[PDB]
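K.L.:
Got a structure for you, written out below as structure tokens; questions coming shortly.
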Amino acid sequence: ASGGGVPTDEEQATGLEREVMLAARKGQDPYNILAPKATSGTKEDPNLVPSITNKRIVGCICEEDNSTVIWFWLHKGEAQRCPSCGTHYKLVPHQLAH
Amino acid sequence: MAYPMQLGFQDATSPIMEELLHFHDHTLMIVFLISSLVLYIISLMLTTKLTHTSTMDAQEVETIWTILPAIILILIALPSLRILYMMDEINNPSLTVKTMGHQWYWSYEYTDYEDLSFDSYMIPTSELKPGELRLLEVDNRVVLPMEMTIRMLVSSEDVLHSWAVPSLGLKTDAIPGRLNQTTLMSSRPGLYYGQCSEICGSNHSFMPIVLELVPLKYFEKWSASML
Amino acid sequence: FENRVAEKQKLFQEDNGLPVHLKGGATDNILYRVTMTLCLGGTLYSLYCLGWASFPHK
Amino acid sequence: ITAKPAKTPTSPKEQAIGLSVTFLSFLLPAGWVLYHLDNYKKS
Amino acid sequence: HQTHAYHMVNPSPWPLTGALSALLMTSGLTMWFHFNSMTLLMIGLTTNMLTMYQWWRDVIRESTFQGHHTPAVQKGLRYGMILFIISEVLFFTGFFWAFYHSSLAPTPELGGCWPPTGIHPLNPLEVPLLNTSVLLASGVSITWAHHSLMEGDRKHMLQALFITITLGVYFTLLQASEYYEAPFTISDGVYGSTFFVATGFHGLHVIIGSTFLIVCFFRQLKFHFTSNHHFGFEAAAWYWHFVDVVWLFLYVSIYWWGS
Amino acid sequence: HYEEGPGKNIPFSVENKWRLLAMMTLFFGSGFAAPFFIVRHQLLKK
Amino acid sequence: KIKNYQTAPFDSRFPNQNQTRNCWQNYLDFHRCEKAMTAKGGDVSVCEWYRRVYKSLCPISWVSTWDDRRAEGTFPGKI
Amino acid sequence: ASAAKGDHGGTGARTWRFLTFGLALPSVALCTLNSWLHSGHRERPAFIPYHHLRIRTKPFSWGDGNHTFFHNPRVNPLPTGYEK
Amino acid sequence: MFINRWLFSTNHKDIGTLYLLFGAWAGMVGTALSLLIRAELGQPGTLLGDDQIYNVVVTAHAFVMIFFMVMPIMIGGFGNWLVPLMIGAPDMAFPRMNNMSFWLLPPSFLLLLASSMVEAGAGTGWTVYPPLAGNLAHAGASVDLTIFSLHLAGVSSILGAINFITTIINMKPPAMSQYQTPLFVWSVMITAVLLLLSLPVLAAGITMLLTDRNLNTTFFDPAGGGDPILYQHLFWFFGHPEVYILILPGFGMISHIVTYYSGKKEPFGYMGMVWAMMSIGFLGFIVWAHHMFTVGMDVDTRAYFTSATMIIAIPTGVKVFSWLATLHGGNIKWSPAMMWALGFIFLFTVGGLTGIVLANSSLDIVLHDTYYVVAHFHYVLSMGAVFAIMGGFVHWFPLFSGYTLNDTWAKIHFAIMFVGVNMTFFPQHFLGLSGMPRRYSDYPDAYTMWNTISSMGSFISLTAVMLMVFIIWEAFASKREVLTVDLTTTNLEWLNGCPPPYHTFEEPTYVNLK
Ligand SMILES: CCCCCCCCCCCCCCCCCC(=O)OCC(COC(=O)CCCCCCCCCCCCCCCCC)OC(=O)CCCCCCCCCCCCCCCCC
Ligand code: HEA
Ligand code: HEA
Ligand SMILES: CCCCC/C=C\C/C=C/C/C=C/C/C=C\CCCC(=O)O[C@H](COC(=O)CCCCCCCCCCCCCCCCC)COP(=O)(O)OCCN
Ligand SMILES: CCCCC/C=C/C/C=C/CCCCCCCC(=O)O[C@H](COC(=O)CCCCCCCCCCCCCCC)COP(=O)(O)OCC[N+](C)(C)C
Ligand SMILES: CCCCCC/C=C\CCCCCCCCCC(=O)O[C@H](COC(=O)CCCCCCCCCCCCCCC)COP(=O)(O)OC[C@@H](O)CO
Ligand SMILES: CCCCCC/C=C\CCCCCCCCCC(=O)O[C@H](COC(=O)CCCCCCCCCCCCCCC)COP(=O)(O)OC[C@@H](O)CO
Ligand SMILES: CCCCCC/C=C\CCCCCCCCCC(=O)O[C@H](COC(=O)CCCCCCCCCCCCCCC)COP(=O)(O)OC[C@@H](O)CO
Ligand SMILES: CCCCCCCCCCO[C@H]1O[C@H](CO)[C@@H](O[C@H]2O[C@H](CO)[C@@H](O)[C@H](O)[C@@H]2O)[C@H](O)[C@H]1O
Ligand SMILES: CCCCCCCCCCO[C@H]1O[C@H](CO)[C@@H](O[C@H]2O[C@H](CO)[C@@H](O)[C@H](O)[C@@H]2O)[C@H](O)[C@H]1O
Ligand SMILES: CCCCCCCCCCO[C@H]1O[C@H](CO)[C@@H](O[C@H]2O[C@H](CO)[C@@H](O)[C@H](O)[C@@H]2O)[C@H](O)[C@H]1O
Ligand SMILES: CCCCCCCCCCO[C@H]1O[C@H](CO)[C@@H](O[C@H]2O[C@H](CO)[C@@H](O)[C@H](O)[C@@H]2O)[C@H](O)[C@H]1O
Ligand SMILES: C[C@H](CCC(=O)O)[C@H]1CC[C@H]2[C@@H]3[C@H](O)C[C@@H]4C[C@H](O)CC[C@]4(C)[C@H]3C[C@H](O)[C@]12C
Ligand SMILES: C[C@H](CCC(=O)O)[C@H]1CC[C@H]2[C@@H]3[C@H](O)C[C@@H]4C[C@H](O)CC[C@]4(C)[C@H]3C[C@H](O)[C@]12C
Ligand code: CUA
Ligand SMILES: [Cu+2]
Ligand SMILES: [Mg+2]
Ligand code: NA
Ligand SMILES: [O-]
Ligand SMILES: [Zn+2]
């Protein structure tokens with residue numbers, strides 16, 4: 001037998017390391033470790049951008065392998081289109097209190 | 001030696017050094033070109049109002065930009081490597097002088113036949129005879145017979161020096177415990193000057209070389225007059 | 001021995017706004033201030049050394 | 001690059017000072033070492 | 001509030017105390033070499049150990065207690081420790097080079113031959129063989145420890161780690177006896193020079209090595225490490241294997257082919 | 001939290017431009033003065 | 001051969017600008033060839049060739065120093 | 001290789017323990033048997049004042065400054081010969 | 001707070017600022033040392049005294065401009081400022097370690113300044129070659145203090161490289177591949193691998209020199225079987241890689257500036273510029289013996305190094321021809337910083353060829369240890385690496401500060417500096433052809449005119465350096481606040497306002513996988 005005596009992450013993980021381990025298991029990425037998956041990016045089906053504030057900077061790789069990310073500020077409001085390819089993006093405020 | 005306002009190389013006293021001048025002349029033809037094509041094309045791009053800020057395609061122009069310079073570079077190397085192997089070559093030398101570098105003078109050994117050895121210091125500005133070249137003149141010259149293949153072995157009994165005679169196309173480092181071989185061929189007689197080409201301390205500036213080339217028969221006497 | 005990793009965790013997450021290197025109480029400060037004394041102390045010394053070694057002697 | 005106006009505009013006269021002071025801060029001490037050079041050697 | 005998974009580090013005094021520790025240690029050695037005094041050097045050395053202690057204390061505080069080492073932070077720690085081992089590698093390379101320059105072309109001054117005239121090399125089948133055996137054992141022992149830890153056998157991980165460190169201590173004592181018995185010194189030109197400086201720097205790397213495992217052994221005592229988050233023991237293992245392969249290269253290069 | 005914005009993110013003060021000129025005078029000037037006073041001291045020994 | 005000796009020829013064994021071993025090997029080849037020729041009751045004037053070479057290429061001080069060490073018993077090369 | 005045993009895909013911590021106690025430490029015992037015999041004060045070398053050994057370009061920063069750090073009077077001559 | 005903000009920092013920006021300040025101060029000392037040099041050569045005869053005191057000044061000039069000016073600004077200043085903002089990272093992998101890399105640099109300098117005030121200083125050259133650098137010619141603490149400067153200065157660099165590489169590799173947006181990071185970002189990553197791999201071998205070499213001076217080793221002493229040349233190899237094994245370190249980030253900035261001020265949305269041939277520097281990096285490691293062509297090494301070797309040294313021209317060409325294509329159909333905005341970049345492109349290409357000359361073992365026979373060499377590497381360093389620095393500095397000064405400079409003044413600065421370095425160095429081509437050696441306080445009568453002229457140039461370059469201290473003041477004096485910046489859509493650094501907040505990317509950028 002082992003005896004054990006080695007604690008496990010489930011038991012001894014605390015702080016942010018825990019919050020990631022617990023969030024990951026429920027299928028959520030609150031701390032932005034995975035890359036979001038893209039939509040059609042039309043006005044009807046825009047790219048939803050979860051934020052903790054009234055703006056967040058989006059980067060747009062307009063086509064695969066493109067050397068240049070298009071960056072701009074995204075605001076609460078109507079959807080916004082990339083000034084390169086006209087792909088649509090929409091801000092989705094929430095929070096992380098309790 | 002070097003004269004006022006001089007732009008380019010000392011005049012070739014040995015054929016190797018000649019070979020360099022013409023090779024150097026080749027390499028500068030191309031330098032003068034690439035520098036003008038780059039200065040020209042720069043000005044071309046800046047002297048139009050017409051514009052094109054949308055994405056541009058590489059592959060096909062980046063081909064010219066590599067295959068040309070690779071040819072331009074074989075063209076330079078092909079002769080550079082000829083002249084480098086030409087400096088080695090199975091030559092047949094008739095005289096073997098060893099030079100030693102000291103803080104801060106040069107000693108000479110001609111030891112083929114006899115045990116002839118002597119030092120070679122600089123003439124202090126205060127003691128030059130009117131006509132004598134400041135920082136260049138030595139009390140005892142390196143008399144060598146002209147128009148013959150000579151083997152010079154270089155080493156130092158202290159710090160690093162460099163044994164250096166521009167006009168003949170010679171420079172070899174003095175490395176303590178190391179006997180470095182070069183070969184010396186004057187096409188002409190006369191006086192042929194050089195300086196220490198490694199930083200050796202307080203008087204690096206002030207430890208020059210002067211060859212005196214003369215006939216074989218004016219040499220053998222000079223040899224015998226020094227023992 | 002027995003696991004006391006959970007006590008030391010609560011001590012270090014406590015919102016007292018002490019930076020990590022003082023969050024252990026009393027000792028950390030005595031180790032901090034003792035450390036900084038010798039560094040700035042031996043720095044001053046080492047200048048005087050440089051300073052002495054610059055001039056000729058005897 | 002668009003900027004505001006200056007909050008504390010540095011008039012010519014003020015510029016002329018800063019230029020005067022800055023040139024002297026380099027020039028003056030260098031001068032005093034280079035002028036007393038002869039004196040340092042007689043030792 | 002942050003929504004990235006990285007570490008924002010509190011303002012630390014220790015970079016300053018370390019930097020200062022260096023000015024003390026280097027003006028200190030200079031003060032020992034030239035004015036033949038160790039005042040400054042002991043001041044430097046002490047500040048350094050106090051800086052090293054406190055710094056890595058806070059790293060554990062930050063990881064074990066505050067849980068700041070998220071899967072990201074911990075994957076930057078690997079990239080870090082590995083680029084470090086590269087830098088140690090290129091340093092040791094510099095010494096092998098010094099060796100291979102001097103043995104492969106001996107000078108008139110030595111006899112024109114390797115080994116030099118007057119040098120009585122150690123037999124590589126004697127204590128050096130026994131040194132080589134101890135280390136390779138301790139890569140069998142630490143690899144046990146890792147598997148014990150991963151399987152959650154606290155006990156067999158302490159036994160495995162204890163065997164590793166005791167071998168390390170046993171390598172060190174063996175090595176310091178072999179320095180003493182050596183019929184040649186660091187002064188015995190370029191044989192002694194290569195031999196001491198290179199087998200020497202390696203030796204301090206084993207003491208660094210055993211120090212870092214002893215930390216691991218006390219930290220495991222206090223239950224710091226899980227089945228799955230034990231980077232401080234990975235860093236130590238890798239470093240230990242590096243310290244072993246370097247030895248192997250020394251043994252084959254300096255002891256055997258240069259005997 | 002530390003001060004944000006223009007003239008706040010430096011370890012000197014730009015609040016008054018004539019103290020600032022004195023500060024840049026020393027900083028840059030000291031550094032340029034240094035080699036000269038160092039060459040002096042090397043000649044002033046022997 | 002030695003009647004027309006000017007200086008040392010090219011040695012196909014030493015083709016490179018570094019000739020430290022040339023001076024070295026021809027000095028061994030004398031002092032071994034000489035220990036050889038006085039330990040069998042022969043003529044030393046066979047060993048002359050290597051004496052000339054080693055002197056044509058070897059610096060004075062280097063011979064100076066190896067001589068003082070053959071005498072002092074501190075010459076590291078086997079003879 | 002000059003080595004042959006046979007894969008034991010059976011458990012981790014157990015196999016590397018097997019290997020530790022079975023192979024690794026036995027090596028260190030054999031290797032010790034083989035040194036605790038072959039290691040013994042072998043005859044010390046006759047002194048020759050060879051100029052490429054016992055370098056002193058600058059005194060050491062300790063002792064009388066003519067003794068190395070792990071200097072052993074029995075086997076380690078000085079520049080001027082052995083110590084009594 | 002102040003002690004917590006500036007002494008104790010873990011802010012990638014606040015640390016960049018510390019370096020820009022250190023490297024600015026270093027430059028002041030570097031300049032003085034360079035003026036002294038040309039005081040001594042500006043007329044025949046002797047001014048200070050013998051080659052000794054002269055070469056302590058020459059040597060010091062080299063270590064300060066290289067180790068305390070160009071690497072500290074370029075890598076630690078612009079690295080620590082721009083790198084994290086170009087990849088939307090909140091700071092550096094190892095921010096505590098980042099600060100020790102800074103504070104290790106005052107010490108490092110002070111051991112250098114100590115060396116020049118102890119005994120007769122270490123006039124050895126920046127190569128520090130035994131046996132001159134050894135304990136018989138340079139007996140004393142000087143050369144030991146110089147070896148210790150470099151130890152600390154190499155620990156700063158190697159720790160700082162571990163930080164960048166771990167930052168650029170690990171801390172991008174997940175969606176972002178390496179192939180969508182800016183050129184600067186790439187330049188710094190590559191420049192950190194060169195540091196990481198070369199500085200350890202530099203350290204190893206200067207360690208054997210300490211133990212030859214102090215512990216009676218004979219690594220470089222023929223008395224104990226050693227070889228002075230061994231040292232030349234280990235040092236130059238570092239020393240070629242050291243110079244592609246000093247230009248690579250200049251490539252970076254130059255790719256940035258020429259792009260932003262041509263109004264283009266990316267530079268021409270992105271992946272071309274990636275292949276180029278990864279090549280220049282790689283071939284920069286296999287060329288070190290081109291510094292040793294008069295040491296007396298086998299002909300077959302000398303011809304490899306000739307040929308290998310020249311291959312570097314192809315990938316460097318690609319970069320010259322790219323920048324030039326990045327201008328092609330640009331909307332050229334004639335800023336100071338464009339002027340700095342343009343000058344780079346032509347005076348780098350001058351210096352770059354003058355070193356293809358040097359590649360030929362043949363010529364280097366005659367050109368070795370002449371001013372021709374000094375001329376080559378003052379066109380690539382004084383008229384490249386410093387042009388990148390002034391270019392960048394001019395373009396990004398408002399991001400760090402939040403204020404504008406006076407653009408007229410800043411072209412007046414460019415104007416005078418151009419005339420000064422070209423008059424300083426263009427004559428040094430002629431001197432070394434006429435065979436004037438390096439590292440001489442005094443010269444044969446013949447060489448006077450060019451040496452007069454060369455030094456006049458060095459007095460124009462001083463007016464430049466003094467003007468730039470008064471131009472930095474004006475801007476802070478005046479406090480004109482940046483309002484709006486162009487081309488932000490392709491230049492993420494400018495997106496958080498001039499200057500950006502203590503904490504940037506507190507909430508990371510959104511980049512999605514298509
Ligand atoms: C203010 C700074 C000072 C400038 C110096 C000017 C000099 C003025 C003095 C009197 C001047 C008389 C001659 C003018 C030519 C001067 C330089 C030249 O071409 O000299 C040729 C050679 C040396 O060759 C010789 O062997 C000289 C032979 C000359 C024969 C011509 C006929 C006789 C007239 C010349 C008298 C000497 C003849 C006797 C000698 C016979 C053989 C030696 O020099 C070299 O190798 C120099 C290496 C530099 C390479 C850099 C690449 C180019 C950068 C810029 C390119 C684009 C332009 C934009 C340009 C913009 C960027 C700069
Ligand atoms: C930033 C600094 C820097 C840079 C970028 C360079 C770039 C180069 N250097 Fe130089 N160098 C130094 C700094 C630098 N160097 C220093 C400090 C020393 C001396 C150390 C000392 O001794 O004190 C030195 C010394 C030095 C020597 C030794 C000389 C001697 O001691 O006698 C040699 C020999 O090969 C050399 C070669 C090169 C080459 C081939 C390049 C290449 O990288 C240049 C390539 C670029 C171009 C050629 C222009 C762009 C290309 C094109 C436009 C393509 C078309 C070209 C052709 C068809 C040929 N350098
Ligand atoms: C980066 C390296 C660098 C730089 C910039 C310089 C700049 C200059 N150098 Fe130097 N030099 C060397 C590195 C450098 N040099 C090296 C490595 C050697 C060989 C050393 C040896 O032989 O051992 C050498 C040798 C050397 C010699 C030969 C010594 C000899 O053989 O006797 C001479 C002679 O005139 C000389 C002159 C100058 C001059 C006039 C400048 C001027 O062009 C400089 C003008 C002033 C500046 C360019 C100041 C810039 C300051 C800033 C940009 C800071 C501001 C920034 C901020 C506020 C952010 N140099
Ligand atoms: C079992 C191994 C024991 C480990 C060593 C323990 C204590 C002292 C050494 C500390 C570790 C550092 C080693 C590096 C320096 C030199 C190699 C030392 C190897 C050694 O220990 O050398 C001994 C001599 O030591 C001597 O001189 C005295 C040596 C003391 C001088 C200190 C060295 C100072 C220089 C350090 C340079 C710092 C470089 C760091 C670079 C940082 C990264 C770039 C050898 O014994 P010996 O009597 O000559 O001959 C045997 C005769 N029976
Ligand atoms: C060593 C020195 C050697 C120098 C090298 C010289 C190169 C020779 C090239 C010459 C051709 C000039 C091309 C550059 C001008 C821009 C061309 C352009 O604007 O072309 C567009 C490029 O955009 C697209 O497709 C996208 C693809 C872009 C393709 C065009 C750009 C290629 C060239 C750019 C490189 C400039 C470098 C110059 C400075 C070094 C394409 O538009 P269309 O298909 O509708 O055109 C149709 C026009 N017809 C009917 C008259 C043919
Ligand atoms: C021969 C030796 C003598 C020296 C030669 C002169 C040197 C240089 C002086 C350059 C004069 C200014 C240059 C013209 C434009 C740039 C700077 C300027 O004049 O300052 C403007 C102030 O405006 C305004 O007139 C508002 C009022 C303030 C005016 C500012 C300038 C007045 C003083 C200039 C003269 C200085 C004298 C120096 C003598 C040592 C602001 O800049 P803008 O023009 O709005 O645009 C810049 C953009 O970045 C902003 O979006
Ligand atoms: C003259 C003086 C010579 C030197 C004498 C001795 C010096 C040093 C002793 C050896 C070094 C020991 C370092 C121990 C650091 C302990 C902290 C630690 O190990 O920290 C770990 C991170 O690793 C990390 O930063 C990585 C830590 C890596 C440390 C690097 C060690 C090598 C550096 C030594 C310096 C070499 C100098 C060169 C020699 C000439 C923390 O993460 P975990 O452990 O996974 O925690 C997770 C769980 O707790 C909860 O789930
Ligand atoms: C003779 C005298 C000459 C002078 C020599 C002495 C010089 C310096 C001595 C001071 C060094 C001791 C102080 C401890 C430093 C530990 C740094 C460290 O270990 O840093 C870690 C990362 O480095 C990693 O793993 C990867 C990197 C680990 C390297 C460990 C430190 C190296 C120090 C020696 C460098 C020698 C160079 C070797 C090559 C020649 C952690 O990064 P931090 O930002 O700290 O925190 C981030 C938090 O997320 C952690 O929870
Ligand atoms: C608060 C933190 C900062 C603390 C700084 C204050 C320390 C002041 C200490 C005074 O210095 C002493 O240092 C050495 C003590 O060992 C002596 O060296 C001596 O050591 C050798 C013997 O070990 C002798 O041979 C030499 O003569 C040499 O002078 C030295 O005489 C003595 O002045
Ligand atoms: C290369 C870097 C710098 C180059 C350009 C420097 C030009 C120097 C600027 C003036 O600096 C000097 O000016 C005076 C000389 O003109 C010196 O006065 C000296 O001479 C006066 C009279 O000759 C005395 O009365 C003074 O006290 C003093 O001794 C003064 O002390 C010194 O600062
Ligand atoms: C040169 C120095 C001498 C020491 C050498 C150190 C070699 C490095 C080995 C690291 O361990 C890895 O490889 C083992 C061997 O392939 C695996 O063992 C075991 O792991 C499996 C499951 O964990 C078991 O099923 C198997 O029996 C297997 O032996 C183990 O998993 C894996 O971590
Ligand atoms: C990179 C890391 C740097 C590592 C630094 C290592 C420091 C080394 C310690 C120096 O040791 C000293 O110890 C004693 C002073 O405390 C003295 O010993 C004396 O006592 C010995 C007895 O052990 C005798 O052999 C001699 O008489 C000797 O002088 C002597 O001054 C010196 O040996
Ligand atoms: C395949 C690779 C990367 C492009 C991409 O994957 O996006 C590209 C980019 C840079 C290219 C190289 C450079 O453009 C330089 C050379 C250009 C020549 O026309 C072909 C070979 C040449 C050596 C190129 C080979 C290949 O086409 C490279 C290496
Ligand atoms: C203290 C602890 C018992 C309590 C626990 O399991 O935490 C035990 C577990 C394993 C033990 C160690 C291991 O058994 C390995 C060593 C065995 C030696 O015979 C005694 C010391 C030795 C170093 C032990 C010390 C101590 O008794 C340890 C560390
Ligand atoms: Cu002898 Cu320079
Ligand atoms: Cu190079
Ligand atoms: Mg040289
Ligand atoms: Na002069
Ligand atoms: O170079
Ligand atoms: Zn888009």
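For the structure tokens, the naming scheme is as follows: chains receive sequential letters (A, B, ...) according to their order of presentation, residues are indexed from 1 within each chain, and ligands are indexed from 1 in presentation order.
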If you count only C-alpha atoms and all ligand atoms, which residues end up within 6 Å of ligand 8, as a PyMOL selection string?
P.N.:
(chain E and resi 7+18+22+25-26+52+55+59+62-63+77+80-81+84+87-88+91) or (chain I and resi 94-97+151-152+155+200)
K.L.:
Name each residue within 6 Å of ligand 2, counting only C-alpha atoms and all ligand atoms, as an MDAnalysis selection string.
P.N.:
(chainID B and resid 69 72:73) or (chainID I and resid 243:244 246:247 290:291 309:310 312:314 316:317 320 349 352:353 355:356 358:359 364 367:369 373 377 380:381)
K.L.:
Quick one: pull the distance between CA of residue 12 in chain G and CA of residue 90 in chain B, Å, one decimal.
P.N.:
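Answer for the CA of residue 12 in chain G to CA of residue 90 in chain B separation: 9.7 Å.
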K.L.:
Residues near residue 22 in chain F, anyone? I mean within 10 Å using only C-alpha atoms, not counting same-chain ones fewer than 6 positions away, as a PyMOL selection string.
P.N.:
chain D and resi 18+21-22+25
K.L.:
Give me a file of those residues, with C-alpha atoms, as a PDB file, in the first residue's frame.
P.N.:
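File selection_34.pdb, as written:
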ATOM      1  CA  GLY D  18      18.239  76.548 -20.448  1.00  0.00           C
ATOM      2  CA  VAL D  21      22.960  76.822 -18.486  1.00  0.00           C
ATOM      3  CA  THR D  22      23.134  73.440 -20.331  1.00  0.00           C
ATOM      4  CA  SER D  25      27.353  72.551 -17.324  1.00  0.00           C
TER       5      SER D  25
END
K.L.:
From a DSSP calculation on the backbone, collect every residue of range 2-69 of chain G in helix (DSSP H, G or I) and output the set as a ChimeraX atom specification.
P.N.:
/G:2-4,20-37,44-46,48-57,60-69
K.L.:
Using only C-alpha atoms, determine which residues of chain F fall within 8 Å of chain I; present them as a PyMOL selection string.
P.N.:
chain F and resi 2+4-7+9-11+14+16-17+20-21+24+27-29+31-36+38-39+41-42
K.L.:
Given a cut-off of 7 Å, which residues of chain G touch chain I, counting only C-alpha atoms, written out as number ranges by chain?
P.N.:
G: 16-18
K.L.:
Could you save those same residues with N, CA and C atoms as a PDB file, in the first residue's frame?
P.N.:
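Now in selection-v3.pdb:
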ATOM      1  N   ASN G  16      52.337  24.775 -41.950  1.00  0.00           N
ATOM      2  CA  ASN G  16      51.449  25.852 -41.437  1.00  0.00           C
ATOM      3  C   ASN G  16      52.292  27.020 -40.883  1.00  0.00           C
ATOM      4  N   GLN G  17      51.712  28.208 -40.796  1.00  0.00           N
ATOM      5  CA  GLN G  17      52.449  29.423 -40.381  1.00  0.00           C
ATOM      6  C   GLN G  17      53.055  29.217 -38.999  1.00  0.00           C
ATOM      7  N   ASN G  18      52.404  28.415 -38.143  1.00  0.00           N
ATOM      8  CA  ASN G  18      52.947  28.037 -36.814  1.00  0.00           C
ATOM      9  C   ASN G  18      54.036  26.964 -36.996  1.00  0.00           C
TER      10      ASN G  18
END
